[PDB]
Each structure stands twice: as C-alpha cells, then as structure tokens.
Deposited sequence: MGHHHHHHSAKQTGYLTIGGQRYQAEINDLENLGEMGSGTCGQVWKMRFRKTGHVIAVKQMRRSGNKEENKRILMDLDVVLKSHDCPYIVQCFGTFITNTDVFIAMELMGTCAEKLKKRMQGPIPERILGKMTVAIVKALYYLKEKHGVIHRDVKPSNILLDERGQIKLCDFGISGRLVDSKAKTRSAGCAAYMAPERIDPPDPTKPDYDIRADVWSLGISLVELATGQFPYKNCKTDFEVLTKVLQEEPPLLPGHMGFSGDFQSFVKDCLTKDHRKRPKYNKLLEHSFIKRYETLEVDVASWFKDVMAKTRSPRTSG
C-alpha cells in the first residue's frame, strides 16, 4: 500500500503535494528533507525518478523491500510511507540527525568509548536481525551508514562495496560485515582511518592482506572489553571470525546493553560545536 504516512502509529492520508521541500541533504542519490504540511513533522524523502538509471532504480527497490520488512527492528531507519506518481517514487523515512562520519569530522577527534558502546550494540543487533529474520547480508558497514539523532537513537541505513572496509575473504576468497564494523570502530575511536596514506583502493586491499589487523591503541584508556571486541572483529581468517551469536555474548556488548549512556546530550553537544 502507498499514499499514506504513518508517524507514531498515526496513519495520515497524503500525496506528494502535501510535502514541503526544505532542501537536499548532503551531496552525491538524492535525499530531501521535507515537511509534512498536515502535521508539521519533518521527514527524510528519497526520490527515485522513473527516467533514472535502471540499475540504481533496481537497487533502490530491493533496498526499499528490506526496509519495508524491517518495521520491527528498532536499530534500522524506519520507512514512514511511499508516494508513487507518474514520473517519480518518493520514499519517506524518519529524519535522523547525521551520520557517524560527520560526527567524527565535527568532533575533530576520537569519539568516547561510551558512545561507541551503544553504537556497537545497535549495529550488531541490526546486522543480526537482517541475517536471522531476513537472510540479508549488509556487505557495506561504514561510519556513513550509522545514523544518530537528537533523541539518542542509533540506527543503520543504506544497505544493498567500499574497498576501504572490505574483509580479507571478500578481497581474496557470512561474517564479512564483522570486519567492516571493527574498522569503523577503530576509525571512530582514534579519529584516524586505520589504513593511512593510501592513494588508491588497491593499496588499501594490499595493506588489509599483508599487514596485521589495526587494533585499538593501548595508551588511550580503552577498556579491555572494547579492545577485545575489536580484536575479535578484526580476525583476518574468516573461519575464526565469530558469528553474530558469539558477538552478542561478548562482555563489551553485555555491558552497554544495560549501561545508561546519555547519547542524546552528547549528540547535542557535538552538533552545537562549529566547523563553519
């Protein structure tokens, strides 16, 4: 069914004319920020043009399919509804604040372990949900796919790859997403991408295979649980890399499943800082 917006359990009949375009978000894919004139809600809207590339449109529809089926996972960006016009398809998504990549750039430094713990719990459960309930492999985990908002939520988006986060077995032939998560955790925890000064994508792949896993430093106060979780994620031999069932029992996951962390206040403090 299309032509309806469902925000907070309230289904509203709506058409494309009921949305006010507040401008494109980011650059490079065209995601608008729009306002629902009937309630005042602000939402993210993905526009798929009928005259667009048949390859990108085919990918958007399959990714929309997974998104529409993930309505029961709280760690995946939710779809509020769709609009199908004669020349376009508009996909309405819940509006988040920004991604972890832009949080890193705005922080201009490492991201605290407390925040990365809640992020690790959310992303692993999002990946385990996609695998167990839908048989979907993400195949592209990176900081630009991890969204946060003012309310402290951390959710996964844009699944359906980037060579910088590719696992060793994907480079030189299930658990491949575990490796990409560990690289993302090192990058966010240190503020530096672990494979530095690589001028080409191939140079990154050579360092992935030839060099030892880039684990967390020992002089930054990281807890033993965090260093252990990253070391487990960055297992180069994909046959010894833990399943999602094993990762969900890791003490790092168990700690931040129950620990109270004010991600909302931390998010607002970082956004209040200025880069321009």
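- Residues of the deposited sequence missing from the coordinate set occupy positions 1 to 11, 40 to 41, 174 to 188, 202 to 210, 314 to 318.
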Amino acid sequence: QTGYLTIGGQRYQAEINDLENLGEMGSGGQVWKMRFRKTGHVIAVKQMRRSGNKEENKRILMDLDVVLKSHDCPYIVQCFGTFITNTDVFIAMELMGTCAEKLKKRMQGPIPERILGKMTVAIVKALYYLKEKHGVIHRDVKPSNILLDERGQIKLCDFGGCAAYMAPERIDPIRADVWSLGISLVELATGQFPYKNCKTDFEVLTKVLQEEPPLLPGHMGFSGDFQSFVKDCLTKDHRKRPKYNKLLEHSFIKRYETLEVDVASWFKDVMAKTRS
From here on, numbers count along this sequence of modelled residues.
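- As the entry records it, the average C-alpha temperature factor is higher for 127 to 135, out of 183 to 191 and 127 to 135.
- The PDB entry reports B-factors from which the mean C-alpha value can be compared for 137 to 145 and 113 to 121; the larger average falls on 137 to 145.
- In the PDB entry, the Cα temperature factor peaks, among 221, 29, 213, 40, at 29.
- Reading the B-factor column for the CA atoms of 80, 75, 159, 83 in the entry, the top value corresponds to 159.
- Split the chain's modelled residues into thirds by C-alpha temperature factor. Residue 250 is in the middle one.
- Residue 53: CA B factor lies in the highest third for its chain, per the PDB record.
- Among all modelled residues in its chain, residue 263 ranks in the lowest third by Cα B-factor.
- Ranked by C-alpha B-factor against the other modelled residues of its chain, residue 67 falls in the lowest third.
- When the modelled residues of the chain are ordered by C-alpha B-factor, residue 44 sits in the lowest third.
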